[PDB]
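Visitor: Below you'll find the structure I mean.
Every number here is computed from the coordinates shown, using simple stated rules; none is lab data. Because the Cβ atoms are built from the backbone with ideal geometry, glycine has one as well, and the counts that use them run over all protein chains shown.
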Amino acid sequence: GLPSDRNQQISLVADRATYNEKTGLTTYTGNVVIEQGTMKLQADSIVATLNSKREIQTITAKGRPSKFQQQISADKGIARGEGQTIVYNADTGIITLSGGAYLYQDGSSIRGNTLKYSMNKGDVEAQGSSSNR
Amino acid sequence: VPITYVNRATXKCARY
């Protein structure tokens, strides 16, 4: 699009970035991050799927480790979500720890099967374990 | 609200 950048709000930064012409996607690599709020969505690599509106209909993330962080309080700066792969509803602000998952905050962490990330006074309570790879 | 696509390797930026 034309220059408008006095009105930006989201920022991604990448060391290797690629469009995906024959399939509409955009794919990013090299310790990449997308920022807007306390949701510290870094990875190595990000696959942004998008439609006719340039609307980013869903995003997939991966790295070594696979995880993102979040800032919840000035002391509770340390919350995070990890899993076998990560997929993100940019359509509603909710991240999903795909297949098998781990979720951590100060004083608590929970792990097991696939789960959607929480930002309220409620947990997932489902329990198990999963290997690294 | 809009997206900034800023580059390492180059110190430049992009949009959609």
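Visitor: Using the Kirkwood radius over C-alpha pairs as Rh, can you work out the diffusion coefficient of segment A:5-116 via Stokes-Einstein at 4 °C, viscosity 1.567 mPa s, in µm² per second? Can you show the working numbers first?
Guide: Numbers: Rh = 14.8 Å.
Calculated translational D: 88 µm²/s.
Visitor: How do A:45-56, A:24-35 rank on mean C-beta neighbours within 10 Å, highest first?
Guide: Most protected by this proxy first, the peptides run A:24-35, A:45-56.
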